[PDB]
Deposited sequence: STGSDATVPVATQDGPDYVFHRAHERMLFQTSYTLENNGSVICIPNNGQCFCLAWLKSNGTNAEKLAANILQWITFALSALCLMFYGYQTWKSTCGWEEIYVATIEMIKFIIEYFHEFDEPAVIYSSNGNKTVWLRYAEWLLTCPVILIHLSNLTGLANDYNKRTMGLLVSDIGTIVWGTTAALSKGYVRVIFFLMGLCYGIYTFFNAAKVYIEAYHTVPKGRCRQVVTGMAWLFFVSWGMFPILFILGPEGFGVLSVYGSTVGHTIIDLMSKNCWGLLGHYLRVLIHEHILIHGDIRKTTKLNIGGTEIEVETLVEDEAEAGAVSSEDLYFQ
């Protein structure tokens, strides 16, 4: 540690004395991060993630910028974890006694908006983004900022900022859901609709797990230890980023093959909220005005 770890209790445990060496001191910081079993598990999941993220980068290496940016950051993340995981400021040890994993929240700020940009162009064919895309990004940034602030805070201050994060988060989840519904009815009828369905399940489950891990972790009720929280977070990271990004590359190849073999043939379908989506079709026998009541 690069904070003070050696001290003496004096006067029946009522006074703590430390070397006057300029280092900060706090008992709360010295609480254990967890068991050796938790530590072993965390280093394994990290290695798996560093390696798999590096494989994904090379694999994608065989437009497309979103999968690479996230996979690059994940890799960079491990080297910092690997060398300085518990060094400030990968973990912030603050005057109120909290341990805040800035690396995680910073990583979310780097990667989550890019995932949402990817989500807004699942097929990869669009060159533009609507107004709703922008709201998705702004709501998600706020979620992380409130969540980070909550983690840095204590008591009632933590609770309030968490709840604003929850309000921002619901708005994010709701609009993400809207995007996936449009995407499902946009992509061709076969395999493309299977992949999109898989991504929705992956997305809502993995992203939905995050507020739960927060509540359980040191940032909340301290059920999970620091290592415990790391293991959980790396799991849902693999889901939310690596696996989801894999599917996204796969989905985009499938969309590309469809347009190469069949061309870009569109049919307008309307979904009655009442939304309209231009579905990709396979042959020119369809170019009509189809609908679908929900």
| query | finding |
| --- | --- |
| Regions of the deposited sequence not represented in the model | 1-26, 89-94, 305-307, 330-333 |
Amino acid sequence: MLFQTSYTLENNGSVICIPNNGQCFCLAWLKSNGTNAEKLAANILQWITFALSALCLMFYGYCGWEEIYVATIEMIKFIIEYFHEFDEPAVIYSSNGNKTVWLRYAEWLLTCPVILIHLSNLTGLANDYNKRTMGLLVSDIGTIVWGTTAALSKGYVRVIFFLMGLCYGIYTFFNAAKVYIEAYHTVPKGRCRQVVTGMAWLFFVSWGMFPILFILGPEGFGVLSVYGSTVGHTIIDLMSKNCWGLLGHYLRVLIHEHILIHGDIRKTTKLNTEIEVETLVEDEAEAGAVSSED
From here on, numbers count along this sequence of modelled residues.
{"item": "Per the entry, higher mean C-alpha B factor between 225-233 and 51-59", "value": "51-59"}
{"item": "Residue stretch of maximal mean CA temperature factor, 24-32 vs 261-269", "value": "261-269"}
{"item": "Largest Cα B-factor, entry values, listed residues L251, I68, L45, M239", "value": "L45"}
{"item": "Candidate residues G220, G97, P113, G142, the one whose C-alpha B factor the record puts highest", "value": "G220"}
{"item": "Chain-wide C-alpha B factor ranking for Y129, given as lowest, middle or highest third", "value": "highest"}
{"item": "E107 - Cα temperature factor, lowest/middle/highest third of chain", "value": "lowest"}
{"item": "Entry-reported Cα temperature factor of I215, expressed as the chain third it lands in", "value": "highest"}
{"item": "Assigned third (lowest, middle, highest) for the C-alpha B factor of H84", "value": "middle"}
{"item": "CA B-factor placement of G169, once the chain's modelled residues are sorted into thirds", "value": "lowest"}
